[PDB]
Amino acid sequence: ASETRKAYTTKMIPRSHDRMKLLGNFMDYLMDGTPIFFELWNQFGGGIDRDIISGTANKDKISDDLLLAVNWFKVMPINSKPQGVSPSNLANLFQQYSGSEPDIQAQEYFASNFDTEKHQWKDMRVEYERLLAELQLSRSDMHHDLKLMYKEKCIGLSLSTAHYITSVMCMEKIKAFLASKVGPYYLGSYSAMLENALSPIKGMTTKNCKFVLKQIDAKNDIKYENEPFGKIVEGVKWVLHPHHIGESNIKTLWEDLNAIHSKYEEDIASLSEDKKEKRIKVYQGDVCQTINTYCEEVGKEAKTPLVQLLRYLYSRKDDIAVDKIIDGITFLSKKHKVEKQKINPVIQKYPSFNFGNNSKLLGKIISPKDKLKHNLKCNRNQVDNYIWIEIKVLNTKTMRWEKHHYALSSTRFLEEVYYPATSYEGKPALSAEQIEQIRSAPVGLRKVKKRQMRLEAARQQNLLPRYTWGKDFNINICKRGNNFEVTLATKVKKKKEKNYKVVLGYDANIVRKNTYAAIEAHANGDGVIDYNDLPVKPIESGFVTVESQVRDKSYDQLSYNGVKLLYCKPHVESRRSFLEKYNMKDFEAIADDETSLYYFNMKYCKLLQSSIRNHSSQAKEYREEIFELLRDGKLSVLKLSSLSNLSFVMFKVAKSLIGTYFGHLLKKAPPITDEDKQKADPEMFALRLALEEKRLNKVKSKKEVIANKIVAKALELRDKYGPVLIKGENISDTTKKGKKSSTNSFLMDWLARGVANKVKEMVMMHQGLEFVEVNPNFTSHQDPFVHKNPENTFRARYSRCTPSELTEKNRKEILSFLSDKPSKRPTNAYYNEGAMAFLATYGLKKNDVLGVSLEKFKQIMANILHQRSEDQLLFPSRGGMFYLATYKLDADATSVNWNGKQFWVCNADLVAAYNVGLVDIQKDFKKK
RNA sequence: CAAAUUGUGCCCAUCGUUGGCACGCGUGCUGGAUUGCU
DNA sequence: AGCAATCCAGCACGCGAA
């Protein structure tokens with residue numbers, strides 16, 4: 001029985017200066033009262049002590065010491081009342097409190113790093129005594145009241161809802177103090193302030209409790225018997241990480257070094273004579289060169305191992321073994337990581353004041369039916385583009401409540417649930433008058449006017465479905481400055497069902513046109529593959545393409561990648577003519593009439609970045625170009641950009657260009673603060689902010705649109721077959737230090753988990769759908785519907801191509817794959833066996849195939865493709881599409897007989913999507 | 001309780017043919033990544 | 001090393017009722 005919430009981010013319309021100021025005063029009164037509740041509950045939590053929690057004592061694994069520590073020892077900003085405690089003196093302070101010494105959990109909690117510059121530990125027990133003294137209440141009575149609170153779940157862990165706390169709760173003195181500090185007791189305002197004060201309290205408390213649990217569990221996984229070895233290895237300063245020595249290649253490096261050392265030792269033992277020092281120096285130089293070459297080789301696929309660390313380890317080769325060295329270094333890295341995990345501070349939340357109907361600040365959108373009643377009782381057009389919400393505002397001047405009306409202007413909200421049926425869908429056909437009105441609106445209001453008129457026409461034509469209002473919408477009024485941002489939240493109920501019938505996987509690639517693929521559960525037709533025991537059938541499989549209808553064409557935002565420059569010729573010609581004045585194969589290599597516009601823009605950004613690096617002293621002179629390249633120009637990043645990964649790469653290189661521009665314009669040593677660069681060129685900083693906001697909007701739109709396409713396909717399959725299952729990838733632990741910096745940057749824009757969260761949220765809104773995450777391990781190579789049934793297949797990937805388009809790089813890669821060399825990667829073995837199968841298919845005589853004269857090889861391939869009546873030839877490729885699948889899983893796959901199997905050349909992405917599906921289908925369907 | 005001029009936005013070589021399209025908002029802290037000159 | 005920013009993700013609660 002799952003549920004979620006929707007929100008339409010309405011916009012407040014000023015009703016009148018007096019009413020607006022009244023609402024602002026009410027908001028300020030509520031906001032200023034929240035910190036009082038925050039401090040009061042800080043004191044209450046500080047008051048906790050043993051003999052109070054020793055009642056029900058209900059808790060999973062939380063030790064009483066950890067609970068007490070969190071209840072009276074928290075990290076808060078330096079500038080706050082409870083100041084006066086240092087980290088060192090935590091153990092004795094806890095010992096004094098409750099009369100017991102710290103335990104492991106409490107010691108770890110106290111032994112938790114934080115940011116001393118901004119935050120600091122706070123006693124949270126002198127605050128309780130301060131509350132007792134200032135309000136002069138007996139400690140016994142306060143203890144009784146707070147024990148009652150805890151018995152009511154009003155303090156500690158797992159607090160009850162704020163409204164319940166306020167309703168349930170020496171009460172006279174507490175209420176008098178609240179009245180002195182906060183306004184008169186009113187349930188709504190008190191509940192709102194208590195909620196907005198407790199939120200950070202309980203949130204950070206639970207987060208830090210689970211953080212301590214994780215830290216103790218991680219430390220229990222630390223061996224600690226390498227601690228002397230850790231100190232030996234550790235003997236400016238930085239932590240040592242496993243990637244600094246080639247975590248896995250260090251064993252081979254040390255084996256080679258041990259062999260060389262054995263040779264050196266046996267040669268020194270014999271041939272005992274002078275000049276030994278020269279040979280030893282020659283031995284040291286050779287080992288140093290070997291270490292450097294090893295680091296150079298290892299730095300091609302990961303971070304380059306540190307040369308100095310390896311030299312230090314090799315010098316101490318007799319005092320520690322290779323496995324001991326690895327254990328010590330991993331122990332040091334793990335200890336450093338565990339000891340830098342900050343504890344979560346407790347900052348004060350900015351109140352939001354959720355206005356509702358049941359138990360919140362009373363308020364409501366009036367109704368559509370009551371809106372019609374109001375428009376009929378009072379002469380009105382009966383149709384308007386605004387929503388009136390009645391809010392029970394507390395008058396600051398006269399301390400009494402009063403209901404006022406305020407206007408919201410969200411067209412989407414009207415389109416979705418508000419506008420009435422007086423008389424996912426499409427759009428109606430407008431009349432003459434409505435079209436004239438749309439054409440008469442100003443340029444900036446044309447789109448919203450068009451939407452409003454289309455909605456009005458839909459109402460006129462009975463094309464607006466009845467929306468069963470229900471009146472269960474929550475209003476969230478947040479006052480930041482002098483303006484409001486009402487939201488109009490709403491609940492959505494799903495009642496999820498487990499009896500699925502389809503599995504709709506999607507690979508969510510980065511740069512290879514993320515695709516989807518569906519699989520039936522109990523198919524009964526021509527093709528029913530018995531995977532293990534469940535009859536399944538490939539339903540279909542296609543790419544996630546979003547259609548933007550230009551005047552006559554239809555572009556794909558996710559993959560358009562820009563125009564091909566065949567129509568942007570004047571811009572490129574002007575840029576070339578201007579640049580010719582100052583001194584070009586690279587320029588022409590990117591200016592082809594088939595090159596995409598965004599690729600050209602990215603390459604130009606990188607070229608300008610390099611030039612500015614070269615011409616560091618004159619970075620300002622190019623600033624105009626940057627503007628003409630990013631905002632002002634018609635062919636600019638802000639004016640023209642798609643959602644394809646190439647576009648995000650272009651934006652990232654633009655941000656890097658701005659960064660290097662600031663660095664070169666502000667270099668002659670105090671740090672270059674953002675303020676200094678802003679003052680040096682406020683226009684450039686404003687442009688950078690504009691790019692950042694544009695990219696944030698760009699990424700949110702991409703997540704939204706991809707989620708829309710996949711969820712719409714899921715809905716289609718549900719309409720056809722039944723409850724669908726998406727099974728999206730669990731892209732976790734990505735962007736590791738072990739990977740190269742370029743790889744980390746490339747994976748950052750993956751947005752795989754963002755898309756997964758968005759589609760999960762959407763699926764929470766549609767009945768029947770559900771989204772689960774499965775392990776992406778080996779999902780990119782398994783052959784669909786045949787892997788795992790007899791056993792794992794793990795076939796390799798190819799790339800079909802004609803002989804005429806064969807390149808030297810392809811031949812070199814193929815020959816390298818043909819090289820029978822031992823490799824630890826299972827992918828290398830898979831590609832080796834695939835290449836062996838390819839050779840056996842046509843008998844290329846690998847020994848005779850690795851010769852020169854690539855033209856001769858092309859001629860031989862053409863002869864082979866002539867003997868066998870085909871069109872192209874396949875060849876293994878590590879980054880190639882066209883995975884070999886046994887079934888026709890594409891609908892465009894080509895049947896080809898490889899050996900005796902009659903495979904279907906599908907596309908790698910579609911088979912990957914299929915693999916992502918049915919990974920744990922048995923878990924989905926139990927025999928019950 | 002009347003402003004009837006804007007929810008956030010997204011797409012484009014010819015910004016309109018009424019162009020096409022999407023969307024949970026906030027707050028808070030915690031982990032990985034973007035230049036720069038030795 | 002002789003130090004300025006920001007983005008991508010991860011969890012904590014409001015969006016109870018009777």
# chains A, B, ... in the order shown; residues from 1 in each chain; ligands from 1
call {"tool": "residues_around", "arguments": {"residues": "segment 6-17 of chain C", "least_positions_apart": "6", "cutoff": "9 Å", "atoms": "only C-alpha atoms (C1' of nucleotides)", "output": "VMD selection string"}}
result
(chain A and resid 4 to 6 161 195 to 196 198 to 200 202 to 207 352 to 354 356 358 to 359 473 to 476 489 to 491 748 to 749 751 753 to 754) or (chain B and resid 28 30 to 34)
call {"tool": "residues_around", "arguments": {"residues": "residue 5 of chain C", "least_positions_apart": "2", "cutoff": "10 Å", "atoms": "only C-alpha atoms (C1' of nucleotides)", "output": "PyMOL selection string"}}
result
(chain A and resi 659+672-674) or (chain B and resi 34)
call {"tool": "select_by_dssp", "arguments": {"residues": "segment 21-163 of chain A", "states": "strand (DSSP E or B)", "output": "NGL selection string"}}
result
:A and (74-77 or 113 or 119-122)
call {"tool": "interface_residues", "arguments": {"of": "chain B", "to": "chain A", "cutoff": "6 Å", "atoms": "only C-alpha atoms (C1' of nucleotides)", "output": "MDAnalysis selection string"}}
result
chainID B and resid 6:7 10:11 13 18 20 22:25 27 29 35:36
call {"tool": "closest_residue", "arguments": {"among": "A:129, A:848, A:675, A:920", "to": "chain C", "atoms": "only C-alpha atoms (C1' of nucleotides)"}}
result
A:675
call {"tool": "atom_distance", "arguments": {"atom1": "atom CA of residue 77 of chain A", "atom2": "atom CA of residue 123 of chain A"}}
result
12.4 Å
call {"tool": "atom_distance", "arguments": {"atom1": "atom CA of residue 913 of chain A", "atom2": "atom CA of residue 506 of chain A"}}
result
4.8 Å
call {"tool": "residues_around", "arguments": {"residues": "segment 778-782 of chain A", "least_positions_apart": "5", "cutoff": "7 Å", "atoms": "only C-alpha atoms (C1' of nucleotides)", "output": "ChimeraX atom specification"}}
result
/A:787,793-796,912,915-916
call {"tool": "write_last_selection", "arguments": {"atoms": "C-alpha atoms", "output": "JSON list (two decimals), in the first residue's frame"}}
result
[["chain", "number", "residue", "atom", "x", "y", "z"],
["A", 787, "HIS", "CA", 22.44, -17.41, -20.62],
["A", 793, "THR", "CA", 27.24, -17.83, -22.11],
["A", 794, "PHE", "CA", 29.10, -14.49, -21.92],
["A", 795, "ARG", "CA", 29.59, -14.02, -25.65],
["A", 796, "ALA", "CA", 31.57, -11.06, -27.02],
["A", 912, "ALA", "CA", 21.46, -5.36, -22.90],
["A", 915, "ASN", "CA", 19.44, -8.85, -19.97],
["A", 916, "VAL", "CA", 18.59, -6.16, -17.42]]
call {"tool": "atom_distance", "arguments": {"atom1": "atom CA of residue 335 of chain A", "atom2": "atom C1' of residue 2 of chain C"}}
result
27.8 Å
call {"tool": "residues_around", "arguments": {"residues": "residue 226 of chain A", "least_positions_apart": "6", "cutoff": "10 Å", "atoms": "only C-alpha atoms (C1' of nucleotides)", "output": "ChimeraX atom specification"}}
result
/A:232,324-325,327-332
call {"tool": "decode", "arguments": {"residues": "chain C", "atoms": "N, CA and C atoms (P, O5', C5', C4', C3', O3' and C1' of nucleotides)", "output": "mmCIF file, in the first residue's frame"}}
result
data_model
loop_
_atom_site.group_PDB
_atom_site.id
_atom_site.type_symbol
_atom_site.label_atom_id
_atom_site.label_comp_id
_atom_site.auth_asym_id
_atom_site.auth_seq_id
_atom_site.Cartn_x
_atom_site.Cartn_y
_atom_site.Cartn_z
ATOM 1 P P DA C 1 46.913 20.996 -0.385
ATOM 2 O "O5'" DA C 1 48.470 20.914 -0.020
ATOM 3 C "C5'" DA C 1 49.412 20.565 -1.024
ATOM 4 C "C4'" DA C 1 50.828 20.564 -0.474
ATOM 5 C "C3'" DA C 1 51.516 21.917 -0.464
ATOM 6 O "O3'" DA C 1 52.482 21.993 0.580
ATOM 7 C "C1'" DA C 1 52.381 20.523 -2.231
ATOM 8 P P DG C 2 52.387 23.154 1.688
ATOM 9 O "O5'" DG C 2 52.333 24.507 0.834
ATOM 10 C "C5'" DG C 2 52.465 25.768 1.488
ATOM 11 C "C4'" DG C 2 51.927 26.894 0.619
ATOM 12 C "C3'" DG C 2 50.479 26.732 0.190
ATOM 13 O "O3'" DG C 2 49.596 27.293 1.167
ATOM 14 C "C1'" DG C 2 51.857 27.402 -1.675
ATOM 15 P P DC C 3 48.310 26.476 1.687
ATOM 16 O "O5'" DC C 3 47.120 27.001 0.758
ATOM 17 C "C5'" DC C 3 45.762 26.779 1.134
ATOM 18 C "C4'" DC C 3 44.839 27.738 0.399
ATOM 19 C "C3'" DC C 3 43.351 27.453 0.547
ATOM 20 O "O3'" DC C 3 42.604 28.671 0.529
ATOM 21 C "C1'" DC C 3 44.043 27.030 -1.705
ATOM 22 P P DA C 4 41.011 28.662 0.748
ATOM 23 O "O5'" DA C 4 40.462 29.462 -0.523
ATOM 24 C "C5'" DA C 4 39.068 29.556 -0.761
ATOM 25 C "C4'" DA C 4 38.800 30.050 -2.171
ATOM 26 C "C3'" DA C 4 37.414 29.731 -2.702
ATOM 27 O "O3'" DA C 4 36.506 30.786 -2.397
ATOM 28 C "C1'" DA C 4 39.100 29.166 -4.331
ATOM 29 P P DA C 5 35.032 30.454 -1.851
ATOM 30 O "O5'" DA C 5 34.756 28.968 -2.372
ATOM 31 C "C5'" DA C 5 33.428 28.536 -2.617
ATOM 32 C "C4'" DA C 5 33.120 28.564 -4.103
ATOM 33 C "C3'" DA C 5 32.133 27.497 -4.573
ATOM 34 O "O3'" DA C 5 30.799 28.031 -4.647
ATOM 35 C "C1'" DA C 5 34.186 27.277 -5.768
ATOM 36 P P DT C 6 30.374 29.076 -5.794
ATOM 37 O "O5'" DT C 6 29.908 28.143 -7.002
ATOM 38 C "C5'" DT C 6 28.834 27.237 -6.819
ATOM 39 C "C4'" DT C 6 29.145 25.895 -7.457
ATOM 40 C "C3'" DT C 6 28.085 24.826 -7.250
ATOM 41 O "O3'" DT C 6 27.148 24.837 -8.321
ATOM 42 C "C1'" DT C 6 30.347 23.956 -7.098
ATOM 43 P P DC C 7 25.863 23.875 -8.282
ATOM 44 O "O5'" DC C 7 26.426 22.470 -8.790
ATOM 45 C "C5'" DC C 7 27.045 22.374 -10.066
ATOM 46 C "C4'" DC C 7 27.184 20.924 -10.483
ATOM 47 C "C3'" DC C 7 25.897 20.114 -10.382
ATOM 48 O "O3'" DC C 7 25.839 19.131 -11.413
ATOM 49 C "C1'" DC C 7 27.493 19.196 -8.918
ATOM 50 P P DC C 8 24.528 18.223 -11.604
ATOM 51 O "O5'" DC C 8 25.095 16.732 -11.538
ATOM 52 C "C5'" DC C 8 26.090 16.403 -10.584
ATOM 53 C "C4'" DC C 8 26.061 14.929 -10.246
ATOM 54 C "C3'" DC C 8 24.668 14.311 -10.188
ATOM 55 O "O3'" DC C 8 24.689 12.993 -10.714
ATOM 56 C "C1'" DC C 8 25.683 14.207 -8.030
ATOM 57 P P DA C 9 23.458 12.000 -10.459
ATOM 58 O "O5'" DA C 9 23.851 11.283 -9.089
ATOM 59 C "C5'" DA C 9 22.849 10.726 -8.266
ATOM 60 C "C4'" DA C 9 23.408 10.387 -6.902
ATOM 61 C "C3'" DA C 9 22.387 9.827 -5.922
ATOM 62 O "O3'" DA C 9 22.511 8.424 -5.823
ATOM 63 C "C1'" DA C 9 23.880 11.434 -4.897
ATOM 64 P P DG C 10 21.384 7.572 -5.060
ATOM 65 O "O5'" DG C 10 21.606 7.932 -3.523
ATOM 66 C "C5'" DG C 10 22.780 7.494 -2.860
ATOM 67 C "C4'" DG C 10 22.784 7.954 -1.419
ATOM 68 C "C3'" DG C 10 21.532 7.573 -0.630
ATOM 69 O "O3'" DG C 10 21.831 6.542 0.299
ATOM 70 C "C1'" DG C 10 22.232 9.837 -0.200
ATOM 71 P P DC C 11 20.730 5.435 0.673
ATOM 72 O "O5'" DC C 11 20.255 5.857 2.137
ATOM 73 C "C5'" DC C 11 19.227 6.818 2.293
ATOM 74 C "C4'" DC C 11 19.340 7.528 3.630
ATOM 75 C "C3'" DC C 11 18.048 7.574 4.432
ATOM 76 O "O3'" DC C 11 18.310 7.579 5.828
ATOM 77 C "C1'" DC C 11 18.650 9.766 3.832
ATOM 78 P P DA C 12 17.124 7.269 6.868
ATOM 79 O "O5'" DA C 12 17.206 8.473 7.916
ATOM 80 C "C5'" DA C 12 17.339 9.811 7.453
ATOM 81 C "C4'" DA C 12 16.398 10.737 8.192
ATOM 82 C "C3'" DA C 12 14.935 10.278 8.218
ATOM 83 O "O3'" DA C 12 14.449 10.252 9.557
ATOM 84 C "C1'" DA C 12 15.086 12.532 7.527
ATOM 85 P P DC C 13 12.883 10.067 9.854
ATOM 86 O "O5'" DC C 13 12.314 11.560 9.817
ATOM 87 C "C5'" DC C 13 10.918 11.787 9.884
ATOM 88 C "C4'" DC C 13 10.599 13.266 9.775
ATOM 89 C "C3'" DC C 13 9.138 13.575 9.467
ATOM 90 O "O3'" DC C 13 8.697 14.723 10.184
ATOM 91 C "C1'" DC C 13 10.504 14.435 7.738
ATOM 92 P P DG C 14 7.210 14.775 10.792
ATOM 93 O "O5'" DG C 14 6.291 15.136 9.533
ATOM 94 C "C5'" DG C 14 6.610 16.256 8.715
ATOM 95 C "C4'" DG C 14 5.360 17.020 8.328
ATOM 96 C "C3'" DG C 14 4.229 16.163 7.778
ATOM 97 O "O3'" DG C 14 2.962 16.666 8.180
ATOM 98 C "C1'" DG C 14 5.158 17.544 6.040
ATOM 99 P P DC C 15 1.663 15.724 8.102
ATOM 100 O "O5'" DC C 15 1.251 15.765 6.558
ATOM 101 C "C5'" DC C 15 0.779 16.976 5.985
ATOM 102 C "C4'" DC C 15 0.545 16.824 4.493
ATOM 103 C "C3'" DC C 15 0.152 15.432 4.036
ATOM 104 O "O3'" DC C 15 -1.254 15.231 4.164
ATOM 105 C "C1'" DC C 15 1.727 16.464 2.519
ATOM 106 P P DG C 16 -1.889 14.696 5.542
ATOM 107 O "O5'" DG C 16 -0.779 13.712 6.142
ATOM 108 C "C5'" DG C 16 -0.980 13.094 7.416
ATOM 109 C "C4'" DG C 16 -2.065 12.030 7.347
ATOM 110 C "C3'" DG C 16 -3.482 12.523 7.673
ATOM 111 O "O3'" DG C 16 -4.418 12.057 6.703
ATOM 112 C "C1'" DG C 16 -2.941 10.667 9.035
ATOM 113 P P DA C 17 -5.952 12.536 6.756
ATOM 114 O "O5'" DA C 17 -6.631 11.555 7.825
ATOM 115 C "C5'" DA C 17 -6.522 10.144 7.664
ATOM 116 C "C4'" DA C 17 -7.113 9.404 8.853
ATOM 117 C "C3'" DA C 17 -8.634 9.551 9.020
ATOM 118 O "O3'" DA C 17 -9.269 8.274 8.989
ATOM 119 C "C1'" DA C 17 -7.509 9.896 11.085
ATOM 120 P P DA C 18 -10.872 8.164 9.032
ATOM 121 O "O5'" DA C 18 -11.224 8.195 10.593
ATOM 122 C "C5'" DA C 18 -10.799 7.132 11.444
ATOM 123 C "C4'" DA C 18 -11.142 7.421 12.897
ATOM 124 C "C3'" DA C 18 -12.601 7.804 13.153
ATOM 125 O "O3'" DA C 18 -13.319 6.702 13.699
ATOM 126 C "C1'" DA C 18 -11.042 9.153 14.424
#
